[PDB]
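Peer 1: PDB entry and its sequence, pasted below:
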Amino acid sequence: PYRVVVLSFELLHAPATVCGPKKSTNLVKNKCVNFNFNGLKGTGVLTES
Amino acid sequence: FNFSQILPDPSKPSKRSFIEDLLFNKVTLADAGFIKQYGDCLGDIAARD
Ligand SMILES: *[C@@H]1O[C@H](CO)[C@@H](O[C@@H]2O[C@H](CO)[C@@H](O)[C@H](O)[C@H]2NC(C)=O)[C@H](O)[C@H]1NC(C)=O
């Protein structure tokens, strides 16, 4: 006998349920960098506010 | 003929006379703005103007 599991996720994305943002990275300051803090696209320099 | 008001004043930073000082403080809406060594608004703790 073998132990088998079925992973069945449906489609069409209207009940957006599980997802994953993941890949949380480090931070830099006083540098010309691209930032993606929450999915926002942009570039520039980061400092303390 | 009195001339205190319009003659330049040695007893003042910059030799700006009384009346022109009065005008300069009456306008007070240019707020310089001619990049009086600008490029210092990197960290905008305030509302960035
Ligand atoms: C020209 O007019 C000015 C107007 O202010 C005179 O300045 C006054 O001078 C007296 C002299 O003691 C002071 O007590 C006043 O306080 C001054 N006025 C102000 C507003 O501070 C000035 O003296 C006049 N010129 C001459 C030669 O008298």
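Peer 2: Yep, it's here. Residues are numbered from 1 along each chain as shown, chains lettered A, B, ... in the order given.

Peer 1: distance of the residue in chain A positioned nearest to chain B relative to residue B:42?
Peer 2: Nearest residue of chain A to chain B: residue A:47, at 4.6 Å (C-beta to the nearest C-beta). Backbone N, C-alpha and C define where each C-beta goes, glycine included. Distance from residue A:47 to residue B:42, counting by C-beta to C-beta, to the nearest Å: 6 Å.

Peer 1: residue contacts, residue 23?
Peer 2: If you meant another chain, say so; for now it's chain A. If you count contacts by C-beta atoms under 8 Å, 6 or more residues apart in numbering or on different chains, residue A:23 has none.

Peer 1: for the one 10 residues further on, same thing?
Peer 2: With contacts defined as C-beta under 8 Å, 6+ apart, residue A:33 is in contact with A:43-46.

Peer 1: how about residue B:19?
Peer 2: B:5-6.

Peer 1: so it: helix, strand or coil?
Peer 2: helix (DSSP: H, G, I helix; E, B strand; the rest coil).
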